[PDB]
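First structure 1, then structure 2: two forms of the same chain, each alone, as structure tokens.
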Structure 1
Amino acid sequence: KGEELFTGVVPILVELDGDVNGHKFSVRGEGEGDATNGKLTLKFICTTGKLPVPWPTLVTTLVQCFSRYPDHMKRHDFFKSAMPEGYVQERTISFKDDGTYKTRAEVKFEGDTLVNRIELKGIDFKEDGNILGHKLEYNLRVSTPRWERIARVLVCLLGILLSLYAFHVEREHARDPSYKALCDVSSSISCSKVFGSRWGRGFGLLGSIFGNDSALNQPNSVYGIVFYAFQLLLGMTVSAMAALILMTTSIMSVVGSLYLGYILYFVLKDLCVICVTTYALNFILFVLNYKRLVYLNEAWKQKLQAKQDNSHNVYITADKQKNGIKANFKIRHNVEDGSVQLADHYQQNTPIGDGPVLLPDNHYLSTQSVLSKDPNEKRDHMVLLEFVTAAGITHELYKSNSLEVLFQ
């Protein structure tokens, strides 16, 4: 079925020609592939000299037909169905705040060899950018875990909404005596009585400790806006300086939330869901910044590169209109200063020959990469080892022994 062609070892040859802002280069890689275990191993050499771009930015471009599909999901393996005829893989890689890659590739069998021929076009790249300036780390690890990166963005976005709304209640209630906010309903459930109180501007202190009309003296929500924004955008760089600056400010959040929360319950005897959540949001930020400092202390443990945290998902969906598939995912390169260079991926696959192919359901390919070097090779090279396995398929469980044994 073409899936029979991947039950053993398959030699792999890749070739890539491209020009990026005028700079041309050619890459040739050689190796084999084990689809039964979801593994590939290749050694790429830039035949023209020095690669004008960092090696990790070309890992995604340089044969998903060696993915391991469990016996459940082998119904959804489009890549092996299109073989030996092959498929055409076009991509668009957009680097945030920089240029974009434009690739087209033909993946096909040539004798007993799986061959990938690629053409790349790099357009509108900044020279001293993280790409054409060679500023990226030589790996494909994730500096911040996925489920923690999502926790940061969601809580900081929620913190800005709540603080901006708290600023809305403070400024209008001070100007309009007939104004009632959504949290102003009954006495003991009143925003205006909390923000309009003494402790609502500069935490009650630092006014009459400062001029009481100064610029520092400000509604407490304003400090949150600056804090949540500062935590959101610097919180993606994983550095030494950027780590303690996040932990320093996050401590100031917990000492201010504890102070403010005390006055809310015991002094004012009030209730404010916007205040309680912002306290919770600030406590979540504290423990997330605490993780990174132990991520930095255990640096030796984390140079391993092969950990399942360093994996990337490639979400696939069908394309019945063209008898193919399309996919999207994101890659976050590690730049030498600690921040992140984002790279948007948009993929489209179309079979070469005209035969029965297997259009899949919405699943994804979990991928991991290991980028090594060779001391004997003097040219600009890269040793690669990848791991692709499919996931995202189910098995509801009415027929479960626990529920069934209760219902006899």
Structure 2
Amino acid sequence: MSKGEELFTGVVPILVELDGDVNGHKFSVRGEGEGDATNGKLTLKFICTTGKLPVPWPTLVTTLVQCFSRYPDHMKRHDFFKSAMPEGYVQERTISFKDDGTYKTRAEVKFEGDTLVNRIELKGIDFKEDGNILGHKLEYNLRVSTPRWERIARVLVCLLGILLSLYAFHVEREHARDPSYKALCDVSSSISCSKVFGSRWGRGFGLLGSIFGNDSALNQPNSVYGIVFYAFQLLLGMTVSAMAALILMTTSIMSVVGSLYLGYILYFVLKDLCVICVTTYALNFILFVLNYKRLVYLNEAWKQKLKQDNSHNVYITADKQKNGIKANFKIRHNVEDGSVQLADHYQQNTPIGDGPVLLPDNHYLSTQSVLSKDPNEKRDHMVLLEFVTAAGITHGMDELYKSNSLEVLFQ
């Protein structure tokens, strides 16, 4: 929609000019290149014209032109950025670096003749002298350490496991000893009904009692081990380390052998059915497969660089009171020593001119960046290849996990 879109049917030259001040350090960045909105492709080179850069280049990527995003024709009536052209738009951001300082940025994005120009003023405040930013301790990339689907699958499986363990604990404590529980399970099929709760295997899995004192603290009902195991798996899956991966693998192998044991008991030596038990066995198997996939990825991702995702979603909503849009998103910068530096982006865009702009339904941009160097360039510089495509809106269920309403929850 809109006339402005007709301006992006071919290759458009790009100029970017940034003046910045971070903790009093002043600097200038100049960038040139070209953009292809039909492919959602940006090809740019930036040089610091004032000597060395005081902040890491990856922290400047989001500041240094979303009108080159590829909008599928279905989503074309949701493209605010092209509809504001050629008069363009003002883009303002606040970027909070966790446990560190803040960027405030204001930019005008507009056409000057043939060139799309992005003119930026940036101020950084309250940055630590030995933090990850002024310390230059961020990796030179914008990658995603673990694939996004594995992260969401892991959190979902662990959350369900914690809830099922809590429910099993509740049933053990407040239901399993009543005689009406027996009477009603003998005549009704319920998810709460199982013969293992009030059984030898309900505490410590049947073993590890009489291997320990059998009244010890280490011999707990199985739901306690469940809560502990799933919470531990979640909290350590947050971390991406070889150590963490080994520990998760070992615990998952223990969980699968324990599930085989208790399932053998369930089918043969305590003939019944326990829906809660079978569900947790399926969850343990899934976590096992996810931990194995994480180790395989850790070892073979270098080969599989050629097909890594590495996309970051920027969530856009309409802002009718200002005739513009707002957006939020989080960038996780990887730190050399293995930790992560979080950057919370808050963004608003308002049109510069007076013309019909498109106010969108909620959606997101999926953005992939490749950062490199020019070996001919002696100045402090960054080469940037960007791929940006809009998503989040379809009619069909087969790609429902792509919808904005589900993606927003996992960021």
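Superpose the two forms; the largest set of C-alphas matching within 1.5 Å is the rigid core. Counting starts at 1 with the first residue of structure 1 and goes up one by one along its sequence.
Enquirer: With the core superposed, a Cα shift of 2 Å or more between structure 1 and structure 2 singles out one residue among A318, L293, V88, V115. Which one is it?
Expert: None of the others reach 2 Å, which leaves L293.
Enquirer: Comparing between structure 1 and structure 2 on the rigid core: C-alpha of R149 shifted by 2 Å or more?
Expert: Yes, the C-alpha moves 2 Å or more.
Enquirer: Superposing on the rigid core, I want to see if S192 changes position between structure 1 and structure 2 - specifically a Cα shift of 2 Å or more.
Expert: Indeed, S192 is displaced by 2 Å or more.
Enquirer: At a 2 Å cut-off on C-alpha positions, does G99 qualify as shifted between structure 1 and structure 2 after fitting the rigid core?
Expert: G99: C-alpha displaced by less than 2 Å between structure 1 and structure 2.
Enquirer: With both forms fitted on the core, how large is the C-alpha shift of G202 between structure 1 and structure 2 in Å?
Expert: After core superposition, the C-alpha of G202 moves 11.5 Å between structure 1 and structure 2.
Enquirer: In Å, how large is the CA movement of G49 between structure 1 and structure 2 relative to the superposed rigid core?
Expert: That residue's C-alpha is offset by 0.4 Å.
Enquirer: Once the core is aligned, what is the C-alpha displacement of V238 between structure 1 and structure 2? Give it in Å to one decimal.
Expert: So the C-alpha of this residue moves 3.5 Å.
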